[PDB]
């Protein structure tokens, strides 16, 4: 009934009134480790110690070495399934590696580009599976690269749709991906999805897969995902230069104090370093030795990620319990229960996402902007909301999610009622 809707809306008004009265100051936008997680690697603050030399004898305190410490690259070679000469180590930002590679592609073109992308006078286009990473889209938006949203399925993106786009459009030069524990879909690419993406024919000869494996070992269970050899499949398929692989220890060690990694064919490595050499003499070797001494080996990082999991998994479980209690009866919402990564993706009643965050903002609860997971912040259904549960304490988290549920219910009946 329209009248029983009006009755429920009133109950939601009192709950919002009561929630507003609690005058809170919570935040669900911070995709950063908690202080408890960062304590796990406090040994780094005293590393490397007096021994400033890596196992090869190189003085990490002095200029030199573009590829990075081989000992550290060997640890993540195993974790990612990439050969050491196909993997380099940079500074504190993997996003900076992605941005530089896009900027190099526009200014100088890829290793096999017909011309720099800026010289294509009609334009450049990237494919962006949604919901996706906002900072992925900020790179292409700032660089004038147009972005084409792609639906996300269970085992990866819509490969049928991608294969038709890249076949007809030479302007499509790349695609943003998070192939493991997607931000924020939580979706991990299947072996078949990987196989077809590196095999599909592209109108652009220099099409690139931006393989941001940012959560490669960031499990929320006791199981670690088997990495698909995207570089090996691409080489066997005749497209060795297609994948650009990225990873980072920002959510393994310190967020912003870790090490970044880039992986690709030997030509792509040489191509990137030729232009990165005009920018920097080389990366920070001392921090790379800090992580080498701290980790020890690849089995060490795996154990380190299980201590992160012990801190993180109860928080993801709490968000699922609160949303299930407040919202399952309403049948207005759906949300992921991810096996890894740092984000839960919540879908509320269409046309209420922007309203839900506005209502939450004015009771002291900061929520990720509606549409952040989409290029140009354009969620066509006005329903998606990203939830970042890693940082706040369990009690702060319990109240933020419970408050967010109250606003989502109020915004729901408000939309059904007045329209």
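Residue numbers count along the first chain shown, from 1.
Remark: stretch with higher mean C-alpha B factor among 118 to 126 and 160 to 168 is 118 to 126. Legend: mean Cα B-factor per stretch from the PDB entry, 268 to 276 versus 127 to 135; the higher mean is in 268 to 276.
Based on the entry's C-alpha B-factors, the most elevated value among 328, 94, 202, 193 belongs to 328. Out of 380, 375, 389, 48, it is 48 whose C-alpha atom has the highest B-factor in the PDB entry.
Sort the chain's modelled residues by C-alpha temperature factor and residue 242 lands in the middle third, per the entry.
Annotation for residue 352: C-alpha temperature factor in the middle third relative to the rest of the modelled chain, per the entry.
When the modelled residues of the chain are ordered by C-alpha B-factor, residue 148 sits in the lowest third. Ranked by Cα temperature factor within the chain, residue 259 sits in the middle third according to the deposited record. When the CA B factors of the chain's modelled residues are split into thirds, the value for residue 364 lands in the highest one.
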